[PDB]
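Protein chains in written order, with our numbering: chain A, 50 to 98; chain B, 16 to 53; chain C, 16 to 53.
C-beta atoms are modelled at their ideal positions from N, C-alpha and C, and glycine is treated no differently.
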Amino acid sequence: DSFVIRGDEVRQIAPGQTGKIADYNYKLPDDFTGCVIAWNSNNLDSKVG
Amino acid sequence: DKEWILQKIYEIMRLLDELXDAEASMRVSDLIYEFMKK
Amino acid sequence: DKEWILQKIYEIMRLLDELXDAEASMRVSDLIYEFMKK
């Protein structure tokens, strides 16, 4: 997977919280060690308009 | 007036969107999210 | 609890007084007094 996370929501990988769209499914429940490799999307993930 | 709190704060969010902060709008909307959720 | 939220409104009034919206700062400030009170 690869989804454009919000700024701090790279830290919302922590149980119990409401996400922006992780409302549907995401939010670590018991023992999801889902590997993630993250960084600043600020290369191109910001557009005129 | 917790719902009027939501009222004032999302009016703040709409005006932030119109001003062109983008930045402020996005993560102050994160603030409002963790406000109305909690 | 409501401490975090009213501190949110503190941060909001600070963002406003940094932006430049005298009217909006007075609005959120009087709402802050009427939100600590009511």
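Checklist entry - When the distance is taken between beta carbons, is C/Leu46 closer than 8 angstroms to B/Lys23? => result Taking the first residue of the second sequence as 1, we reach residue 23 of chain B at position 8. Taking the first residue of the third sequence as 1, we reach residue 46 of chain C at position 31. Yes; because the gap between Cβ atoms is below 8 angstroms, this pair is in contact.
Item to check | Same chain only: Cβ atoms within 8 angstroms of C/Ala39, ignoring 5 sequence neighbours per side | outcome: Here residue 39 of chain C is taken as the residue at index 24 of the third sequence, counted from 1. The answer, listed in chain order, is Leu31.
Next on the checklist: Taking the alpha helix (DSSP H) that C/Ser44 belongs to, which residues open and close that run?
Outcome noted: Stepping through the third sequence from its first residue, residue 44 of chain C is reached at position 29. Where C/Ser44 is concerned, the enclosing alpha helix (DSSP H) stretches over 37-52.
Item to check | Per-residue DSSP class, three states only, for B/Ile27 | outcome: Here the question's residue 27 of chain B lines up with position 12 in the second sequence. Reduced to three states, the DSSP call for B/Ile27 is helix.
Checklist entry - Using DSSP with H/G/I as helix, E/B as strand and the rest coil, what is B/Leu34? => result Against the second sequence, residue 34 of chain B aligns to sequence position 19. B/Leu34 falls in the helix class under three-state DSSP.
Next on the checklist: Determine, for B/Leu21, whether the minimum Cβ-Cβ distance to residues of chain C falls below 8 angstroms.
Outcome noted: On the second sequence, position 6 is the one that residue 21 of chain B refers to. No, B/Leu21 lies away from the interface with chain C (no Cβ there is under 8 angstroms from its Cβ).
Item to check | B/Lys17 in three-state terms, based on DSSP | outcome: By one-based count along the second sequence, residue 17 of chain B stands at place 2. Three-state result, B/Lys17: helix.
Item to check | Cβ distance (whole Å) where A/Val53 is taken to contact A/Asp94 below 8 angstroms | outcome: Walking along the first sequence from the start, residue 53 of chain A turns up at place 4. Walking along the first sequence from the start, residue 94 of chain A turns up at place 45. A/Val53 to A/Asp94, Cβ: 6 angstroms. Contact.
Item to check | Nonlocal neighbours in the same chain, by C-beta distance under 7 angstroms from A/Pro78, ignoring five residues either side | outcome: Reading the first sequence from its first residue, position 29 is the one you call residue 78 of chain A. Result list for A/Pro78: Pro64, in chain order.
Checklist entry - Which bits of chain A does residue 1 of chain B rub up against, with CB to CB less than 9 angstroms? => result Here chain B has residues from 16 to 53 only, and residue 1 of chain B is not among them.
Item to check | Neighbour list for C/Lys53 in chain B, Cβ cutoff strictly below 9 angstroms | outcome: Your numbering for residue 53 of chain C matches position 38 in the third sequence. Neighbours of C/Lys53 on chain B, chain order: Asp16.
Checklist entry - Is DSSP giving A/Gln61 helix, strand or coil here? => result If you number the first sequence from 1, residue 61 of chain A lands on position 12. Looking at A/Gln61 - three-state DSSP - the assignment turns out to be coil, as it is neither helix nor strand.
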